[PDB]
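Here's the structure we're looking at; comments come further down.
Positions of Cβ are generated from backbone atoms using ideal geometry, with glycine treated the same way; all protein chains shown enter the neighbour counts. Read-outs: derived from the displayed coordinates by stated rules, not from any lab.
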Amino acid sequence: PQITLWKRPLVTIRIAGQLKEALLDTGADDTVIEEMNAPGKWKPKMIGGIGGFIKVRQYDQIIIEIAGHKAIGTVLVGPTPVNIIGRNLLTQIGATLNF
Amino acid sequence: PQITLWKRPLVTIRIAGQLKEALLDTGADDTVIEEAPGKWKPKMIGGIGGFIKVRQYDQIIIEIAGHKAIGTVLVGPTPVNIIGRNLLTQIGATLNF
Ligand SMILES: CC(C)CN(C[C@@H](O)[C@H](Cc1ccccc1)NC(=O)O[C@H]1CO[C@H]2OCC[C@H]21)S(=O)(=O)c1ccc(N)cc1
């Protein structure tokens, strides 16, 4: 798809069988999701955003379908204003900015 | 141009002759930069880690990667300068995959 930016670039993702809405976020290095049902082991991590730092659970090697395209990578689970798909997974699905 | 996302999508911007680097950010509703005169309205914007207080300037002419845009620029303690959707739309930016 070609996604214009008059509205928030929100898409449906599928992550461990669950459907969620997430924001395609070119300003995000990392992918941050509010909650997820992955059975794997995880590691505690901290990340900073515009407002300060948060604690997240780092899951590696998570399978996620982003608007039909498969990605397999790191997902951070913690408090975000909205689920964000960052560059670590945008690169995988072949996303570029074009103007 | 086409900008891949292997690295942070940073471009040069220019305000009133003043050069800065800024992130082309589809996740940001509005453009926010760290640096002053003119009329401005108080605003708060939030993301990971909470909210920051910013000054809202309207109808600012900015040049983004060589393309002129006119619109809202927020000014405040953002850790990175951010070109948001309000101005990305004006330079005809899309996300493609
Ligand atoms: C979280 C989004 C819904 C909104 N953010 C835009 C976002 O692209 C920021 C933009 C950003 C970029 C760098 C530093 C702070 C904010 N990225 C971000 O928080 O990414 C985090 C996840 O990956 C990490 O990589 C960078 C920070 C971490 S935001 O910066 O808070 C923001 C919110 C409102 C406006 N108007 C402008 C910006």
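Worth pointing out:
- Charging the Cβ of each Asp and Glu at -1 and of each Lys and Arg at +1, and nothing else, the dipole of chain A about its Cα centre rounds to 120 debye.
- Listed residues A:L19, A:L76, A:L89, most fluctuating in chain A (Gaussian network, C-alpha, under 10 Å): A:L19
- Seen from every direction in turn and averaged, the convex hull around the alpha carbons of the protein assembly as shown projects onto 10.3 nm².
- Counts of other chain beta carbons within 10 angstrom of each beta carbon in peptide B:2-11 average 5.
- Largest GNM mean-square fluctuation among A:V56, A:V75, A:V32, using chain A with Cα springs under 10 Å: A:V56.
- GNM on chain A, alpha-carbon springs under 10 angstrom: the most fluctuating residue among A:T31, A:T74, A:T12 is A:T12.
- The phi-based Karplus calculation (6.51 cos²θ - 1.76 cosθ + 1.60; θ = phi - 60°) puts the 3J(HN,Hα) values of the range B:14-31 at 9, 9, 10, x, 8, 8, 9, 9, 8, 8, 7, 10, 5, x, 9, 4, 10, 4 Hz, whole numbers, x for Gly and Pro.
- Using the Karplus relation 6.51 cos²θ - 1.76 cosθ + 1.60 with θ = phi - 60°, the per-residue 3J(HN,Hα) values for the range A:64-76 come to 9, 9, 10, 6, x, 9, 7, 10, 9, x, 6, 10, 9 Hz, with x marking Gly and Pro.
- Space enclosed by the convex hull of the alpha-carbon atoms of chain A, per residue, Å³: 97 Å³
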